[PDB]
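Chemist: The structure file query.pdb (PDB, C-alpha atoms) is provided below.
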ATOM      1  CA  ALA A   2       0.000   0.000   0.000
ATOM      2  CA  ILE A   3       1.647   3.101  -1.380
ATOM      3  CA  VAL A   4       0.305   6.065   0.597
ATOM      4  CA  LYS A   5      -1.052   9.268  -1.037
ATOM      5  CA  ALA A   6       0.044  12.164   1.163
ATOM      6  CA  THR A   7      -1.177  15.736   1.408
ATOM      7  CA  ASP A   8       0.539  18.829   2.691
ATOM      8  CA  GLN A   9      -1.225  18.197   6.019
ATOM      9  CA  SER A  10      -0.360  14.495   6.254
ATOM     10  CA  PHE A  11       3.143  14.370   4.803
ATOM     11  CA  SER A  12       5.001  14.836   8.094
ATOM     12  CA  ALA A  13       3.165  12.114   9.923
ATOM     13  CA  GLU A  14       3.338   9.772   6.988
ATOM     14  CA  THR A  15       7.099  10.094   6.579
ATOM     15  CA  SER A  16       8.215  10.444  10.178
ATOM     16  CA  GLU A  17       8.726   6.790  11.089
ATOM     17  CA  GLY A  18      10.887   3.893   9.875
ATOM     18  CA  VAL A  19      12.394   3.724   6.332
ATOM     19  CA  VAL A  20      10.315   5.650   3.817
ATOM     20  CA  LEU A  21      10.685   6.405   0.088
ATOM     21  CA  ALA A  22       8.898   9.642  -0.853
ATOM     22  CA  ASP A  23       7.986  10.562  -4.361
ATOM     23  CA  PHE A  24       7.408  14.209  -5.301
ATOM     24  CA  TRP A  25       5.577  14.166  -8.624
ATOM     25  CA  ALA A  26       2.783  15.887 -10.595
ATOM     26  CA  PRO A  27       0.468  15.105 -13.428
ATOM     27  CA  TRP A  28       1.684  18.290 -15.186
ATOM     28  CA  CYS A  29       5.197  16.754 -15.338
ATOM     29  CA  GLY A  30       3.906  14.106 -17.663
ATOM     30  CA  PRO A  31       7.141  12.254 -17.081
ATOM     31  CA  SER A  32       7.258  12.123 -13.244
ATOM     32  CA  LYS A  33       4.415   9.675 -13.705
ATOM     33  CA  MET A  34       6.955   7.163 -15.086
ATOM     34  CA  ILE A  35       8.073   6.587 -11.480
ATOM     35  CA  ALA A  36       4.614   5.265 -10.523
ATOM     36  CA  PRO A  37       5.035   1.721 -11.992
ATOM     37  CA  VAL A  38       8.588   1.668 -10.505
ATOM     38  CA  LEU A  39       7.086   2.245  -7.009
ATOM     39  CA  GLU A  40       4.689  -0.565  -7.663
ATOM     40  CA  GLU A  41       7.498  -3.027  -8.389
ATOM     41  CA  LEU A  42       9.463  -1.827  -5.360
ATOM     42  CA  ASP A  43       6.340  -2.095  -3.199
ATOM     43  CA  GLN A  44       5.938  -5.713  -4.378
ATOM     44  CA  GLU A  45       9.551  -6.586  -3.527
ATOM     45  CA  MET A  46      10.177  -4.493  -0.394
ATOM     46  CA  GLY A  47       6.788  -3.539   1.069
ATOM     47  CA  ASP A  48       7.396  -5.255   4.394
ATOM     48  CA  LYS A  49      10.386  -3.023   5.123
ATOM     49  CA  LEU A  50       9.673   0.123   3.094
ATOM     50  CA  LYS A  51       6.782   2.594   3.253
ATOM     51  CA  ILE A  52       6.250   4.407  -0.025
ATOM     52  CA  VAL A  53       4.663   7.848   0.101
ATOM     53  CA  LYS A  54       3.581   9.830  -2.952
ATOM     54  CA  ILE A  55       2.734  13.572  -2.961
ATOM     55  CA  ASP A  56       1.237  15.288  -5.998
ATOM     56  CA  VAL A  57       2.892  18.714  -5.759
ATOM     57  CA  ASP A  58       0.248  20.246  -8.135
ATOM     58  CA  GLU A  59      -2.418  19.576  -5.455
ATOM     59  CA  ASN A  60      -0.125  19.941  -2.494
ATOM     60  CA  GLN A  61       1.796  23.125  -3.017
ATOM     61  CA  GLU A  62       3.596  23.592   0.311
ATOM     62  CA  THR A  63       5.534  20.360   0.920
ATOM     63  CA  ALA A  64       8.127  20.715  -1.873
ATOM     64  CA  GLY A  65       9.559  23.948  -0.405
ATOM     65  CA  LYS A  66       9.842  22.446   3.049
ATOM     66  CA  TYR A  67      12.125  19.675   1.623
ATOM     67  CA  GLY A  68      14.089  21.770  -0.861
ATOM     68  CA  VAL A  69      12.506  20.007  -3.829
ATOM     69  CA  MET A  70      13.314  22.227  -6.801
ATOM     70  CA  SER A  71      12.357  20.009  -9.669
ATOM     71  CA  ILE A  72      10.194  16.983 -10.134
ATOM     72  CA  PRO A  73      10.410  14.123  -9.888
ATOM     73  CA  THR A  74      12.539  14.048  -6.734
ATOM     74  CA  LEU A  75      12.561  10.989  -4.483
ATOM     75  CA  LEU A  76      13.818  10.988  -0.941
ATOM     76  CA  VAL A  77      14.791   8.159   1.406
ATOM     77  CA  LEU A  78      13.947   8.974   5.042
ATOM     78  CA  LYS A  79      14.936   7.035   8.124
ATOM     79  CA  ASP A  80      12.983   7.953  11.232
ATOM     80  CA  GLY A  81      12.044  11.232   9.623
ATOM     81  CA  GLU A  82      15.565  12.290   8.585
ATOM     82  CA  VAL A  83      16.387  12.502   4.814
ATOM     83  CA  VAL A  84      19.248  10.057   4.151
ATOM     84  CA  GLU A  85      19.196   9.997   0.348
ATOM     85  CA  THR A  86      18.021  12.386  -2.399
ATOM     86  CA  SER A  87      17.373  11.144  -5.952
ATOM     87  CA  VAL A  88      16.533  13.826  -8.533
ATOM     88  CA  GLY A  89      15.065  12.812 -11.880
ATOM     89  CA  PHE A  90      13.929   9.455 -13.254
ATOM     90  CA  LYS A  91      15.615   6.318 -11.862
ATOM     91  CA  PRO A  92      14.821   2.682 -12.557
ATOM     92  CA  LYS A  93      13.771   0.075  -9.977
ATOM     93  CA  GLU A  94      17.337  -1.264  -9.532
ATOM     94  CA  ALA A  95      18.797   2.214  -8.780
ATOM     95  CA  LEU A  96      16.080   2.972  -6.151
ATOM     96  CA  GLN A  97      16.474  -0.534  -4.617
ATOM     97  CA  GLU A  98      20.209   0.255  -4.250
ATOM     98  CA  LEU A  99      19.442   3.508  -2.413
ATOM     99  CA  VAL A 100      16.906   2.047  -0.002
ATOM    100  CA  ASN A 101      19.053  -0.992   0.725
ATOM    101  CA  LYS A 102      21.799   1.323   2.038
ATOM    102  CA  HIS A 103      19.367   1.885   4.888
ATOM    103  CA  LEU A 104      18.098  -1.604   5.601
ATOM    104  CA  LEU A 105      19.812  -4.459   7.485
ATOM    105  CA  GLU A 106      22.144  -6.626   5.396
ATOM    106  CA  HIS A 107      22.200  -9.347   8.022
ATOM    107  CA  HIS A 108      19.622 -10.888  10.371
ATOM    108  CA  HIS A 109      21.430 -12.589  13.185
ATOM    109  CA  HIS A 110      19.851 -15.706  14.697
ATOM    110  CA  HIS A 111      21.038 -16.176  18.316
TER     111      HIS A 111
ATOM    112  CA  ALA B   2      19.672  28.615 -34.096
ATOM    113  CA  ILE B   3      16.986  27.566 -31.645
ATOM    114  CA  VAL B   4      14.660  30.383 -30.685
ATOM    115  CA  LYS B   5      13.651  31.096 -27.031
ATOM    116  CA  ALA B   6      10.066  32.335 -27.215
ATOM    117  CA  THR B   7       7.960  34.308 -24.802
ATOM    118  CA  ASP B   8       4.185  34.415 -24.401
ATOM    119  CA  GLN B   9       4.262  37.519 -26.547
ATOM    120  CA  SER B  10       6.425  36.196 -29.410
ATOM    121  CA  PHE B  11       5.377  32.500 -29.527
ATOM    122  CA  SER B  12       2.564  32.764 -32.148
ATOM    123  CA  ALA B  13       4.733  34.940 -34.453
ATOM    124  CA  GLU B  14       7.806  32.741 -34.070
ATOM    125  CA  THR B  15       5.856  29.612 -35.016
ATOM    126  CA  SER B  16       3.682  31.175 -37.736
ATOM    127  CA  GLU B  17       5.805  30.368 -40.820
ATOM    128  CA  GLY B  18       7.359  27.301 -42.506
ATOM    129  CA  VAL B  19       8.118  24.086 -40.646
ATOM    130  CA  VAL B  20       8.518  24.578 -36.910
ATOM    131  CA  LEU B  21       9.256  22.242 -34.017
ATOM    132  CA  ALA B  22       8.002  23.830 -30.716
ATOM    133  CA  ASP B  23       9.101  22.534 -27.296
ATOM    134  CA  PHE B  24       7.030  23.163 -24.217
ATOM    135  CA  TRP B  25       9.253  22.630 -21.157
ATOM    136  CA  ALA B  26      10.034  23.930 -17.681
ATOM    137  CA  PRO B  27      13.036  23.731 -15.391
ATOM    138  CA  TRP B  28      10.525  22.509 -12.697
ATOM    139  CA  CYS B  29      10.020  19.370 -14.805
ATOM    140  CA  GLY B  30      13.344  17.364 -15.095
ATOM    141  CA  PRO B  31      12.065  15.129 -17.964
ATOM    142  CA  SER B  32      11.361  18.248 -19.985
ATOM    143  CA  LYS B  33      15.011  19.341 -19.787
ATOM    144  CA  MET B  34      16.150  16.080 -21.405
ATOM    145  CA  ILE B  35      14.732  17.440 -24.719
ATOM    146  CA  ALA B  36      17.423  20.162 -24.994
ATOM    147  CA  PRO B  37      20.485  18.263 -26.286
ATOM    148  CA  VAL B  38      18.092  16.510 -28.745
ATOM    149  CA  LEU B  39      17.025  19.857 -30.111
ATOM    150  CA  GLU B  40      20.659  20.994 -30.444
ATOM    151  CA  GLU B  41      21.372  17.851 -32.450
ATOM    152  CA  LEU B  42      18.296  18.417 -34.605
ATOM    153  CA  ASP B  43      19.368  21.956 -35.277
ATOM    154  CA  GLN B  44      22.815  20.775 -36.321
ATOM    155  CA  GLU B  45      21.294  18.217 -38.601
ATOM    156  CA  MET B  46      18.449  20.101 -40.251
ATOM    157  CA  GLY B  47      18.531  23.703 -39.049
ATOM    158  CA  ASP B  48      18.234  25.179 -42.560
ATOM    159  CA  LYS B  49      14.896  23.370 -43.109
ATOM    160  CA  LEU B  50      13.522  23.360 -39.559
ATOM    161  CA  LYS B  51      12.989  26.273 -37.064
ATOM    162  CA  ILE B  52      13.026  25.144 -33.461
ATOM    163  CA  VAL B  53      11.189  27.216 -30.847
ATOM    164  CA  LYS B  54      11.381  26.605 -27.114
ATOM    165  CA  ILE B  55       9.025  27.972 -24.544
ATOM    166  CA  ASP B  56       9.578  27.734 -20.774
ATOM    167  CA  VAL B  57       6.024  27.379 -19.503
ATOM    168  CA  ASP B  58       7.011  28.356 -15.973
ATOM    169  CA  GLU B  59       7.927  31.820 -17.231
ATOM    170  CA  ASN B  60       5.367  31.829 -19.997
ATOM    171  CA  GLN B  61       2.261  30.204 -18.709
ATOM    172  CA  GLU B  62      -0.204  31.751 -21.121
ATOM    173  CA  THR B  63       0.994  29.901 -24.212
ATOM    174  CA  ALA B  64       0.473  26.404 -22.817
ATOM    175  CA  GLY B  65      -3.239  27.166 -22.336
ATOM    176  CA  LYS B  66      -3.626  28.581 -25.819
ATOM    177  CA  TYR B  67      -2.157  25.450 -27.386
ATOM    178  CA  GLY B  68      -3.913  22.938 -25.129
ATOM    179  CA  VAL B  69      -0.690  21.754 -23.548
ATOM    180  CA  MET B  70      -1.667  19.811 -20.411
ATOM    181  CA  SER B  71       1.607  18.252 -19.436
ATOM    182  CA  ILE B  72       5.272  18.752 -20.143
ATOM    183  CA  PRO B  73       7.078  18.161 -22.122
ATOM    184  CA  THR B  74       4.930  18.485 -25.227
ATOM    185  CA  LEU B  75       6.357  19.078 -28.667
ATOM    186  CA  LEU B  76       4.385  20.303 -31.627
ATOM    187  CA  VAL B  77       5.192  20.313 -35.293
ATOM    188  CA  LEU B  78       3.597  23.203 -37.196
ATOM    189  CA  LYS B  79       3.409  23.967 -40.826
ATOM    190  CA  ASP B  80       2.615  27.593 -41.699
ATOM    191  CA  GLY B  81       1.151  28.145 -38.291
ATOM    192  CA  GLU B  82      -1.026  25.002 -38.206
ATOM    193  CA  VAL B  83      -0.316  22.282 -35.694
ATOM    194  CA  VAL B  84       0.306  19.153 -37.722
ATOM    195  CA  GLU B  85       1.767  16.774 -35.115
ATOM    196  CA  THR B  86       1.631  16.608 -31.342
ATOM    197  CA  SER B  87       4.111  14.663 -29.233
ATOM    198  CA  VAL B  88       3.459  14.269 -25.513
ATOM    199  CA  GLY B  89       6.302  13.047 -23.244
ATOM    200  CA  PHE B  90       9.924  12.407 -23.987
ATOM    201  CA  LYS B  91      10.819  11.119 -27.511
ATOM    202  CA  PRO B  92      14.279  10.487 -28.888
ATOM    203  CA  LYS B  93      15.839  12.411 -31.746
ATOM    204  CA  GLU B  94      15.011   9.766 -34.347
ATOM    205  CA  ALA B  95      11.259   9.842 -33.445
ATOM    206  CA  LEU B  96      11.142  13.642 -33.617
ATOM    207  CA  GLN B  97      13.190  13.682 -36.860
ATOM    208  CA  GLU B  98      10.561  11.335 -38.342
ATOM    209  CA  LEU B  99       7.663  13.613 -37.207
ATOM    210  CA  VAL B 100       9.272  16.603 -38.862
ATOM    211  CA  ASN B 101      10.221  14.719 -42.013
ATOM    212  CA  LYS B 102       6.550  13.861 -42.640
ATOM    213  CA  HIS B 103       6.133  17.647 -43.230
ATOM    214  CA  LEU B 104       9.092  18.562 -45.393
ATOM    215  CA  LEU B 105       8.985  19.021 -49.206
TER     216      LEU B 105
END
Starting from the file, lay out its structure as structure tokens.

Modeler:
Amino acid sequence: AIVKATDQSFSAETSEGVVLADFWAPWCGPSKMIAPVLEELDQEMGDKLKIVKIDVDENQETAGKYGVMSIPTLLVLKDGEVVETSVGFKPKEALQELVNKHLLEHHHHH
Amino acid sequence: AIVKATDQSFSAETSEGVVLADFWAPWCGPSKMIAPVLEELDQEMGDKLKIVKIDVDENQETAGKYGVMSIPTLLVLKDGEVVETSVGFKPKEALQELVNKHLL
């Protein structure tokens, strides 16, 4: 379940755990190309990664609060802190690489 | 030899001969990808093709007048009539083909 955020909800939605946030807009015909990517990533990683989308056409205030100057821009957040920035289109493999830098490599069994 | 249009000059700049017009904005990263393509097109066929760019963030009137609803959008015009519309990114070869349908 990819979440649709609003200016009002963005903070809460992104504040906890590992989160990939997608700043996009219908007007940037392009930035839509990310949407199927997010679906594949949600299929593969959804247990460990919360995906949040925010349509910056409808939600005009969030971009400025995160220094988003062009769309699309994706962010990786851990516990509400931005830990990666990805400007422009990137394929599933590139975004998987970024997120994985912030997830456990090992799971120790005691 | 690409022309940067404004809302005021757009209709006049695209009114004659074969024209490729690019609707883009710095705010849209995919729209910027069109630029090197246009430079290559100009190098290849600049004597037969006029290329006009319009930054819709600084010139928002023109997008409405041409029914542009997302960016980028490219138009081919012949003597001021829109004869092809291309929504989204397309590579040089695809745009070259669109224009070539309107030469001669």

Chemist: So which one's closest to chain A, B:67, B:11, B:24, B:90? Using only C-alpha atoms, please.

Modeler: B:90

Chemist: Provide the CA of residue 80 (chain A) to CA of residue 111 (chain A) distance in Å, to one decimal place.

Modeler: 26.4 Å

Chemist: Around the point (11.6, 2.6, 9.0) (coordinates from the file), which residues reach within 7 Å if we count only C-alpha atoms? Answer as a ChimeraX atom specification.

Modeler: /A:17-20,49-50,79-80

Chemist: Write down, as a PyMOL selection string, each residue of chain B that has any atom within 8 Å of an atom of chain A, counting all atoms listed in the file.

Modeler: chain B and resi 27-32+70-73+88-90

Chemist: Would you mind telling me which residue in A:99, A:77, A:104, A:22 lies nearest to residue 56 (chain A) when using only C-alpha atoms?

Modeler: A:22

Chemist: Hey, what comes out of the PyMOL selection byres ((chain A and resi 6) around 9) on this file? Could you write it as number ranges by chain?

Modeler: A: 4-5, 7-12, 14, 53-56, 60

Chemist: Quick one, how far is CA of residue 57 (chain B) from CA of residue 25 (chain B)?

Modeler: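 Separating CA of residue 57 (chain B) from CA of residue 25 (chain B) is a distance of 6.0 Å.
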
Chemist: Quick check, in Å to one decimal: how far apart do CA of residue 80 (chain B) and CA of residue 16 (chain B) lie?

Modeler: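 Between these atoms lies a distance of 5.4 Å.
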
Chemist: Tell me which residues the PyMOL selection byres ((chain A and resi 92) around 12) grabs here, as a PyMOL selection string.

Modeler: chain A and resi 34-42+75+87-91+93-99

Chemist: Translate the PyMOL selection byres ((chain B and resi 91) around 10), as applied to the file shown, into an explicit residue set as an mmCIF file with C-alpha atoms, in the frame of the given file.

Modeler:
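Output contents, as saved in result25.cif:
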data_model
loop_
_atom_site.group_PDB
_atom_site.id
_atom_site.type_symbol
_atom_site.label_atom_id
_atom_site.label_comp_id
_atom_site.auth_asym_id
_atom_site.auth_seq_id
_atom_site.Cartn_x
_atom_site.Cartn_y
_atom_site.Cartn_z
ATOM 1 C CA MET B 34 16.150 16.080 -21.405
ATOM 2 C CA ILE B 35 14.732 17.440 -24.719
ATOM 3 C CA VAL B 38 18.092 16.510 -28.745
ATOM 4 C CA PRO B 73 7.078 18.161 -22.122
ATOM 5 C CA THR B 74 4.930 18.485 -25.227
ATOM 6 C CA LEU B 75 6.357 19.078 -28.667
ATOM 7 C CA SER B 87 4.111 14.663 -29.233
ATOM 8 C CA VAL B 88 3.459 14.269 -25.513
ATOM 9 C CA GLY B 89 6.302 13.047 -23.244
ATOM 10 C CA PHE B 90 9.924 12.407 -23.987
ATOM 11 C CA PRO B 92 14.279 10.487 -28.888
ATOM 12 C CA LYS B 93 15.839 12.411 -31.746
ATOM 13 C CA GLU B 94 15.011 9.766 -34.347
ATOM 14 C CA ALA B 95 11.259 9.842 -33.445
ATOM 15 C CA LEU B 96 11.142 13.642 -33.617
ATOM 16 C CA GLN B 97 13.190 13.682 -36.860
#

Chemist: Do you know which residues are at most 7 Å from residue 22 (chain B) counting only C-alpha atoms, after dropping those on the same chain fewer than 2 positions away, and could you put them as a ChimeraX atom specification?

Modeler: /B:20,24,52-54,75-77

Chemist: Tell me, as a PyMOL selection string, which residues lie within 6 Å of residue 56 (chain B), counting all atoms listed in the file; anything in the same chain fewer than 3 positions away does not count.

Modeler: chain B and resi 25-26+59-60

Chemist: Of the candidates B:42, B:23, B:2, B:15, which shows the shortest atom-to-atom distance to residue 64 (chain B), using only C-alpha atoms?

Modeler: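 Closest candidate: B:23.
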
Chemist: Ranking A:46, A:105, A:83, A:13 by minimum distance to residue 68 (chain A) and counting only C-alpha atoms, which one comes first?

Modeler: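 Going through A:46, A:105, A:83, A:13 one by one, the smallest distance to residue 68 (chain A) is for A:83.
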
Chemist: What's around residue 66 (chain B) at 10 Å? Count only C-alpha atoms, leave out sequence neighbours fewer than 5 positions away in its own chain, and write the answer as a CSV table (one decimal) with C-alpha atoms, in the frame of the given file.

Modeler:
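Generated output (out.csv):
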chain,number,residue,atom,x,y,z
B,8,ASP,CA,4.2,34.4,-24.4
B,12,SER,CA,2.6,32.8,-32.1
B,61,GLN,CA,2.3,30.2,-18.7

Chemist: Mind filling out region 85-107 of chain A with N, CA, C and O atoms and sending it as a CSV table (one decimal), in the coordinates of the input?

Modeler:
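Ended up saving to out_10.csv:
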chain,number,residue,atom,x,y,z
A,85,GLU,N,18.8,9.9,1.7
A,85,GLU,CA,19.2,10.0,0.3
A,85,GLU,C,18.2,10.9,-0.4
A,85,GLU,O,17.0,11.0,-0.1
A,86,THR,N,18.7,11.5,-1.5
A,86,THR,CA,18.0,12.4,-2.4
A,86,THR,C,18.3,11.8,-3.8
A,86,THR,O,19.5,11.6,-4.1
A,87,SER,N,17.3,11.7,-4.6
A,87,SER,CA,17.4,11.1,-6.0
A,87,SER,C,16.6,12.1,-6.9
A,87,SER,O,15.4,12.1,-6.8
A,88,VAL,N,17.2,12.9,-7.6
A,88,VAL,CA,16.5,13.8,-8.5
A,88,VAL,C,16.5,13.3,-9.9
A,88,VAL,O,17.5,12.8,-10.5
A,89,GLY,N,15.3,13.3,-10.5
A,89,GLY,CA,15.1,12.8,-11.9
A,89,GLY,C,14.6,11.4,-11.9
A,89,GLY,O,14.4,10.8,-10.8
A,90,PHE,N,14.3,10.9,-13.1
A,90,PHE,CA,13.9,9.5,-13.3
A,90,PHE,C,15.0,8.5,-12.9
A,90,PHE,O,16.2,8.7,-13.2
A,91,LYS,N,14.7,7.4,-12.1
A,91,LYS,CA,15.6,6.3,-11.9
A,91,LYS,C,14.9,5.0,-11.9
A,91,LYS,O,13.8,4.9,-11.5
A,92,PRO,N,15.5,3.9,-12.5
A,92,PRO,CA,14.8,2.7,-12.6
A,92,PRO,C,14.7,1.9,-11.2
A,92,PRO,O,15.4,2.3,-10.3
A,93,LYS,N,14.0,0.8,-11.2
A,93,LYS,CA,13.8,0.1,-10.0
A,93,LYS,C,15.1,-0.3,-9.3
A,93,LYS,O,15.3,-0.1,-8.1
A,94,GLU,N,16.0,-0.8,-10.1
A,94,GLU,CA,17.3,-1.3,-9.5
A,94,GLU,C,18.1,-0.2,-8.8
A,94,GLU,O,18.7,-0.4,-7.7
A,95,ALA,N,18.2,1.0,-9.4
A,95,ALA,CA,18.8,2.2,-8.8
A,95,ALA,C,18.1,2.6,-7.4
A,95,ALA,O,18.8,2.8,-6.4
A,96,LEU,N,16.8,2.6,-7.4
A,96,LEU,CA,16.1,3.0,-6.2
A,96,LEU,C,16.2,1.9,-5.1
A,96,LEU,O,16.4,2.2,-3.9
A,97,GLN,N,16.2,0.6,-5.5
A,97,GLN,CA,16.5,-0.5,-4.6
A,97,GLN,C,17.9,-0.4,-4.0
A,97,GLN,O,18.0,-0.5,-2.8
A,98,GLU,N,18.9,0.0,-4.8
A,98,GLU,CA,20.2,0.3,-4.2
A,98,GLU,C,20.2,1.3,-3.2
A,98,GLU,O,20.8,1.1,-2.1
A,99,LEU,N,19.5,2.4,-3.4
A,99,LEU,CA,19.4,3.5,-2.4
A,99,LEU,C,18.8,3.1,-1.1
A,99,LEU,O,19.3,3.4,-0.1
A,100,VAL,N,17.6,2.5,-1.2
A,100,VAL,CA,16.9,2.0,0.0
A,100,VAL,C,17.7,1.0,0.8
A,100,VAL,O,17.6,1.0,2.1
A,101,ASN,N,18.3,0.1,0.1
A,101,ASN,CA,19.1,-1.0,0.7
A,101,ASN,C,20.2,-0.5,1.6
A,101,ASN,O,20.6,-1.1,2.5
A,102,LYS,N,20.8,0.7,1.2
A,102,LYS,CA,21.8,1.3,2.0
A,102,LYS,C,21.3,1.7,3.5
A,102,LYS,O,22.0,2.0,4.4
A,103,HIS,N,20.0,1.5,3.7
A,103,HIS,CA,19.4,1.9,4.9
A,103,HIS,C,18.5,0.8,5.5
A,103,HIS,O,17.8,1.0,6.5
A,104,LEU,N,18.8,-0.4,5.0
A,104,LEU,CA,18.1,-1.6,5.6
A,104,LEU,C,19.2,-2.6,6.0
A,104,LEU,O,20.3,-2.5,5.5
A,105,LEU,N,18.9,-3.4,7.0
A,105,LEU,CA,19.8,-4.5,7.5
A,105,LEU,C,20.3,-5.4,6.4
A,105,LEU,O,19.5,-5.8,5.6
A,106,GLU,N,21.6,-5.6,6.3
A,106,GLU,CA,22.1,-6.6,5.4
A,106,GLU,C,22.0,-8.0,6.0
A,106,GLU,O,22.0,-9.0,5.3
A,107,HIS,N,22.1,-8.1,7.3
A,107,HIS,CA,22.2,-9.3,8.0
A,107,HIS,C,21.0,-9.4,9.0
A,107,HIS,O,20.5,-8.4,9.4
